[PDB]
Amino acid sequence: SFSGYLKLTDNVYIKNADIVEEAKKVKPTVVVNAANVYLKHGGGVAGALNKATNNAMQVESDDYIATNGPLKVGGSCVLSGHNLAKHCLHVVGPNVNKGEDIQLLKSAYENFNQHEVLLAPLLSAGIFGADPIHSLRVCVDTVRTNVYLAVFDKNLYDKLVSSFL
Ligand SMILES: O=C1CC(I)=CC=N1
């Protein structure tokens, strides 16, 4: 299963790792994508996960959007995990850089509760513009299922562990 994770709470674990590399090594049941409402996997975690699937995630996502329309901010959808996981839970955290409401971060993390165990990034962190310390606090206070957080940035990882209440 997952290795080298630091236990934060009863159910939240954290590691300084590239989520693509974590997914290829573990091949978890669920890998969470930091998605936008259009499932346009351009940059950040989404661009990286999609590129690891040789664009298969984008092809599948475009078919999903053609059929169903866009997701809601705070919403999610379950798609194939391709070569990374059994499934990919595409979760839309609020993008602060696009003026979206940070209050929706709790709704976004609520999606994780429908899955027993997940490999995930910190929602709304990185290019989404929210404070990662706040995202980790919402995560531990919202997610009740087992979440293995992969934090790409080492300096951020250290700051998150050292400041965790
Ligand atoms: O290139 C990337 C970005 C991020 I954020 C996580 C993993 N790979």
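We count residues from 1, following the sequence as given. All ligand and atom numbering here is 1-based and tracks the order in the structure.
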From the list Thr9, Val147, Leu149, side-chain contact (heavy atoms from CB on, under 4.5 Å) with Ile14 holds only for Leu149
Inset, instruction - Compute the centroid of each ring, for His90 and then for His41, and state whether the two points are separated by less than 6.0 Å. - result: yes
| message | Just checking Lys154: does its NZ atom have more than 12 heavy atoms from other residues, nucleotides or ligands closer to it than 6.0 angstrom? | response | no
Near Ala48 (heavy-atom distance under 4.0 Å), the atoms of ligand 1 are 1 (O), 2 (C), 8 (N)
- prompt: Below 4.5 Å, heavy atoms only, C-beta onward: do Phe128 and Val96 meet side chain to side chain?
  reply: no
If you scan protein heavy atoms around atom 4 (C) of ligand 1, the nearest is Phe152 CG, 4.0 Å
Atoms of ligand 1 under 4.0 Å from any heavy atom of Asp18, numbered from 1 in the order shown, are 7 (C), 8 (N)
Shortest non-hydrogen pair, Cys88 vs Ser80, comes out as CB-O, 3.5 Å
of all protein heavy atoms, closest to atom 5 (I) of ligand 1 is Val45 CG2, 3.9 Å
Out of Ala23, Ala17, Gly44, the nearest non-hydrogen contact to atom 3 (C) of ligand 1 is supplied by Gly44
